[PDB]
Amino acid sequence: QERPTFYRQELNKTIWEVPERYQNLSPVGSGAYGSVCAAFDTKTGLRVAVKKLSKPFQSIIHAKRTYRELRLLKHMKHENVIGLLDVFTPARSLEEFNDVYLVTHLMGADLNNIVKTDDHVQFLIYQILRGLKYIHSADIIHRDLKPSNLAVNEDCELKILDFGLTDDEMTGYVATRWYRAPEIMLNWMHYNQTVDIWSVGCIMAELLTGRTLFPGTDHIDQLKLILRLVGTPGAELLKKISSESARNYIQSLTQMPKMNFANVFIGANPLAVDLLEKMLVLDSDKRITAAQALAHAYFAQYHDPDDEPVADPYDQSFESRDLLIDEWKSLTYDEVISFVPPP
Ligand SMILES: Cn1c(=O)c(Oc2ccc(F)cc2F)cc2cnc(NC3CCOCC3)nc21
């Protein structure tokens with residue numbers, strides 16, 4: 001990190017100050033907690049996405065999430081997971097440290113601007129599960145997996161964005177909620193990493209049919225659509241719903257049996273139907289895991305147990321830690337300073 005020369009440019013109505021190596025900066029749009037620009041990295045020859053974080057140390061919540069995102073991106077080193085090519089600040093010291101810029105691969109499209117074959121579905125879902133196995137192996141949950149954070153290149157090579165990171169944007173007929181596990185949508189319980197597997201199920205179904213699986217007009221309508229497909233919960237699951245209020249509402253609903261998935265997904269590969277049945281289980285305890293799903297017959301042509309790596313241990317003790325703004329800021333600066341680019 002032998003200090004490069006920085007230059008200034010106005011882009012997303014703020015001034016961006018970036019090393020000379022990054023040229024031809026052009027806005028892509030909004031990212032998680034900041035705006036994103038496309039650029040050409042003259043050092044590596046890669047087309048890159050550069051995210052400038054907005055007000056990264058404005059509050060404790062902002063400072064902690066800035067540290068969180070940096071920690072997450074620095075840890076992730078997997079073909080199917082967004083990772084960090086570079087991180088920089090124009091600041092020369094902790095004292096003047098105010099801005100954080102994050103750099104990753106520029107991707108061609110997301111899964112939204114791709115669909116509306118079974119072999120393509122196989123490859124796409126395989127890579128999502130491969131990436132999820134890695135993320136989950138580090139005790140990280142995505143929590144908000146959806147087509148818009150699944151980015152793909154021209155060769156259909158896929159990377160997962162925005163892992164591990166309001167009510168109004170969750171309201172109504174919105175894609176922001178359509179892929180959410182019911183237990184997290186309705187805050188039933190302390191949830192596990194198979195919330196992400198529910199999301200994969202929804203995504204896979206949509207790739208297969210060209211249609212949203214559970215296009216609910218609101219939380220309640222969406223629950224009804226879900227329960228019509230998978231059945232109303234039994235006593236066993238009801239017990240696990242620790243929210244007495246949520247549990248009480250569920251029991252008010254007329255009981256419905258699980259539907260026949262072969263009659264729902266007409267003409268689909270029987271192995272795809274089988275996998276969907278194992279992913280779209282209401283009881284999260286009983287959902288197929290990413291590692292288990294990779295071994296399912298549906299992915300026979302792609303599955304390789306020696307080419308599906310797990311992550312190094314990820315220390316997130318910081319998550320249960322209470323610190324001041326300047327403390328989170330200092331930790332973040334340390335991580336910026338210690339960054340080593342990938343080979
Ligand atoms: C929307 N978006 C991000 O939010 C994003 O976040 C970052 C994460 C970590 C970093 F170090 C830096 C980041 F910029 C990266 C990103 C890459 N490629 C693309 N391609 C678009 C995908 C949708 O179709 C148009 C091209 N979009 C992206």
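Would you say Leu73 is out of contact with any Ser or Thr (no Cβ under 6 Å at 6 or more places or on another chain), of a type outside the set (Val, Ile, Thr), under 12 Å from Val103 (Cβ atoms) and buried (at least 18 other Cβ atoms within 10 Å of the Cβ)? It is true that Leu73 is out of contact with any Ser or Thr (no Cβ under 6 Å at 6 or more places or on another chain), of a type outside the set (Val, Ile, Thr), under 12 Å from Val103 (Cβ atoms) and buried (at least 18 other Cβ atoms within 10 Å of the Cβ).
Would you say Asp322 is in a loop (DSSP other than H, G, I, E, B) and assigned by CATH to the domain that holds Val87?
Details: in a loop (DSSP other than H, G, I, E, B): yes; assigned by CATH to the domain that holds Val87: yes.
When the stated conditions are applied, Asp322 passes them.
In this structure, is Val100 within 16 Å of the ligand (Cβ to nearest atom), among the β-branched types (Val, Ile, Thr) and in contact with a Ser or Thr (Cβ under 9 Å, 6 or more places away or on another chain)? Don't jump to the end; show me each part of the working.
Values: within 16 Å of the ligand (Cβ to nearest atom): yes; among the β-branched types (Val, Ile, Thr): yes; in contact with a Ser or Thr (Cβ under 9 Å, 6 or more places away or on another chain): yes.
Judged against the criteria, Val100 is a match.
If only residues of the stretch 6-55 that are within 23 Å of the chain's Cα centre (by Cα) and more than 12 Å from the ligand (Cβ to nearest atom) are counted, the one that is surrounded by the fewest Cβ atoms within 10 Å (Cβ to Cβ) is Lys55.
Here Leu145 meets each of (1) more than 10 Å from the ligand (Cβ to nearest atom); (2) of a type in the set (A, V, I, L, M); (3) closer than 26 Å to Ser317 by Cα; (4) assigned by CATH to the domain that holds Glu335 with one exception, condition (4).
For the stretch 270-302, what are the residues that are part of a loop (DSSP other than H, G, I, E, B) and of a type in the set (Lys, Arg)? Walk me through it before giving the result.
The initial filter retains those residues of the stretch 270-302 that are part of a loop (DSSP other than H, G, I, E, B), namely 280-283, 287-289, 295-296, 300-302.
Across the stretch 270-302, the qualifying residue is only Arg287.
Just one of the listed residues (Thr194, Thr217, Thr171) is on the phi < 0 side of the Ramachandran plot and within 14 Å of the chain's Cα centre (by Cα), namely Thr194. Remark: pairs (first residue in the stretch 101-119, more than 23 Å from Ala268 (Cα to Cα) and part of a loop (DSSP other than H, G, I, E, B); second residue more than 8 Å from the ligand (Cβ to nearest atom) and of a type in the set (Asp, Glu); Cβ separation under 7 Å; 6+ apart in sequence or on different chains) = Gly108/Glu154. With respect to the conditions (1) of a type in the set (A, V, I, L, M); (2) within 10 Å of the ligand (Cβ to nearest atom); (3) in the same structural domain as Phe57 (by CATH), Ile114 lacks only one, and its number is (3). Scanning the stretch 149-198 for residues that are among the aliphatic types (A, V, I, L, M), surrounded by 19 or more Cβ atoms within 10 Å (Cβ to Cβ) and in a loop (DSSP other than H, G, I, E, B) yields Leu161, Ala181, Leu186.
Residues in the stretch 216-242 that are assigned to a loop (DSSP other than H, G, I, E, B) and either touching a helix residue (DSSP H, G or I) at 6+ places or on another chain (Cβ under 9 Å) or crowded, with 19+ Cβ neighbours inside 10 Å (or both): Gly216, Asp218, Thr232, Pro233, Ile241.
Looking across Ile82, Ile61, one residue alone is out of contact with any helix residue (DSSP H, G or I) (no Cβ under 6 Å at 6 or more places or on another chain), more than 14 Å from the ligand (Cβ to nearest atom) and not assigned by CATH to the domain that holds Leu145. It is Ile61.
Every residue, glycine as well, gets a Cβ built from its backbone with ideal geometry; the counts of neighbours run over all protein chains shown. What is reported rests on the model, the rules as stated and the sources as named; no laboratory read-out is quoted.
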